[PDB]
$ cat run_7.txt   # compact mmCIF, C-alpha atoms
# COMPACT_ATOMS: atom_id res chain seq x y z
CA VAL A 1 108.46 18.66 -114.32
CA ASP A 2 107.59 15.98 -116.90
CA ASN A 3 106.27 13.26 -114.56
CA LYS A 4 106.86 14.70 -111.05
CA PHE A 5 109.60 16.25 -108.85
CA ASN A 6 110.23 12.95 -107.03
CA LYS A 7 113.98 13.70 -107.00
CA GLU A 8 113.47 16.43 -104.36
CA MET A 9 111.82 13.88 -102.05
CA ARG A 10 114.69 11.42 -102.55
CA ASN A 11 117.21 14.02 -101.33
CA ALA A 12 115.16 15.01 -98.25
CA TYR A 13 114.33 11.32 -97.64
CA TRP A 14 117.87 10.05 -97.02
CA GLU A 15 119.24 13.45 -95.83
CA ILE A 16 116.79 13.40 -92.90
CA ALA A 17 117.44 9.70 -92.22
CA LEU A 18 121.15 10.60 -91.94
CA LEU A 19 120.58 12.52 -88.67
CA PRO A 20 121.00 9.95 -85.77
CA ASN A 21 119.61 12.14 -82.92
CA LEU A 22 116.07 12.55 -84.30
CA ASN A 23 113.48 10.70 -82.21
CA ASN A 24 112.25 7.41 -83.79
CA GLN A 25 108.76 8.90 -84.24
CA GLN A 26 110.11 12.14 -85.76
CA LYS A 27 112.37 10.33 -88.28
CA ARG A 28 109.43 8.33 -89.67
CA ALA A 29 107.05 11.29 -89.25
CA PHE A 30 108.88 13.80 -91.50
CA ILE A 31 109.62 11.18 -94.20
CA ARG A 32 105.89 10.28 -94.22
CA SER A 33 105.00 14.00 -94.06
CA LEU A 34 106.55 14.41 -97.54
CA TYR A 35 103.75 12.30 -99.03
CA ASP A 36 101.21 14.13 -96.83
CA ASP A 37 102.19 17.50 -98.39
CA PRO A 38 105.04 17.58 -101.01
CA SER A 39 104.58 21.37 -101.14
CA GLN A 40 106.26 21.66 -97.72
CA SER A 41 109.22 19.44 -98.82
CA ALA A 42 111.67 22.34 -98.44
CA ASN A 43 110.14 23.25 -95.07
CA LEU A 44 109.94 19.67 -93.72
CA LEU A 45 113.59 19.03 -94.70
CA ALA A 46 114.70 22.24 -93.01
CA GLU A 47 112.42 21.47 -90.05
CA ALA A 48 113.95 18.00 -89.73
CA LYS A 49 117.45 19.46 -89.59
CA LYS A 50 116.15 21.93 -86.99
CA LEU A 51 115.24 19.01 -84.70
CA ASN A 52 118.72 17.57 -85.26
CA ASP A 53 120.42 20.89 -84.48
CA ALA A 54 118.19 21.44 -81.44
CA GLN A 55 118.27 17.91 -79.93
CA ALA A 56 122.04 17.71 -80.57
CA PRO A 57 124.26 18.17 -77.44
CA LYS A 58 126.01 21.45 -76.57
$ encode --input "run_7.txt" --output "structure tokens"
Amino acid sequence: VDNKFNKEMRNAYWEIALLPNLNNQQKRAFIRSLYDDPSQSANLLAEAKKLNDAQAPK
């Protein structure tokens, strides 16, 4: 990590945005959460997908 692992955030940024069933507040919340605590990036990303999988029909 020369400057910073910003690349990881980029992936989770758009990947989360891709899910269309996440509540408007949740979509903005997780993406902002990255800045709040980059250490949880892997968790937040997984957590975001969890909301997608859960809120999704069937």
$ residues_around --input "run_7.txt" --residues "stretch 41-57 of chain A" --least-positions-apart "2" --cutoff "6 Å" --atoms "all atoms listed in the file" --output "PyMOL selection string"
chain A and resi 12+21-22+34+38-39
$ atom_distance --input "run_7.txt" --atom1 "atom CA of residue A:4" --atom2 "atom CA of residue A:37"
13.8 Å
$ axis_aligned_box --input "run_7.txt" --around "stretch 46-49 of chain A" --padding-each-side "3 Å" --output "lines of an AutoDock Vina configuration file"
center_x = 114.9
center_y = 20.1
center_z = -91.3
size_x = 11.0
size_y = 10.2
size_z = 9.4
$ atom_distance --input "run_7.txt" --atom1 "atom CA of residue A:25" --atom2 "atom CA of residue A:58"
22.7 Å
$ atom_distance --input "run_7.txt" --atom1 "atom CA of residue A:28" --atom2 "atom CA of residue A:3"
25.6 Å
